[PDB]
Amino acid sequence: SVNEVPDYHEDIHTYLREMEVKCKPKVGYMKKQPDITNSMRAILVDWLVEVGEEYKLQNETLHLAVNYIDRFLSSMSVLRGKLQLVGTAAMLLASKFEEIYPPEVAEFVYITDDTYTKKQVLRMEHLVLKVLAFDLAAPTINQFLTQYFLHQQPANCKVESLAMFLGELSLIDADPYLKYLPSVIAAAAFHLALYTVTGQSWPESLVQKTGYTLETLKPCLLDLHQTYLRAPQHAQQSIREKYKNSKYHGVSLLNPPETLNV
């Protein structure tokens, strides 16, 4: 039906494929940051997951915020004591763009444990907007996933929730996932979820839609499979905790496959 916009689906997918390239963060930016590391970024993104949980934000909002952060850090050097300010402002902006009822600015001041003032959060909001030139309508892993889900025969909630879980795990680790586009991470996450739950693979209908095949997805899939296998041992755990919830069908309790047999 119209909720799946049959007359525009293909146009939209094509437009998102153009925009994701335009909205892509610079892959090698962390090496150019003198004061911050992949580990510090991981801690930040894990905190943002907890924030999204506390205020019951859309997963889309979280994905947008990470996009804004990585793009901001692609051109702006930030000291370690200011990274959380960038993150808080990014999440505020993401909420304003995406949420029906975004949290108040004071609620964003509060969740930083008063590390920052309202004045600082608002000034950072302005700076982020300037650096990003107000270009906030960025494609996310989730915007591709929800389209890919329409290709299931039939729809399976465990598959959908598991794919979201995997896409979210990829947000934490700039190495390797900065090198992959959202549409590609989404494709690998969807295949890996489908395989884990049903034993089935990336369908021919999605090859038709995306031009991606298992061969072209292999690099990301190998990375994602390893992340999935290592998830219980990762220093950051907020996504696994989050995905134990019935809201996401407890999918983080599912066991990853030992091999992919590609």
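Just count from 1 along the sequence shown to find any residue number.
- Remark: stretch with higher mean C-alpha B factor among 120-128 and 150-158 is 150-158.
- Relative to its counterpart among 206-214 and 24-32, 24-32 has the higher mean temperature factor, C-alpha atoms as listed in the PDB entry.
- When the C-alpha B factors of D135, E107, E168, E99 are read from the deposited coordinates, the top value falls at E107.
- Annotation for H63, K56, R41, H234: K56 ranks highest, by Cα B-factor.
- Placement of the Cα temperature factor of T37 within the chain: middle third of the modelled residues, per the deposited record.
- When the CA B factors of the chain's modelled residues are split into thirds, the value for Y243 lands in the middle one.
- In the PDB entry, a CA B factor belonging to the middle third of its chain's modelled residues is recorded for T198.
- Compared with the other modelled residues of the chain, the Cα B-factor recorded for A174 ranks in the highest third.
- In this PDB entry, the Cα temperature factor of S77 sits in the bottom third of its chain's modelled residues, the lowest group.
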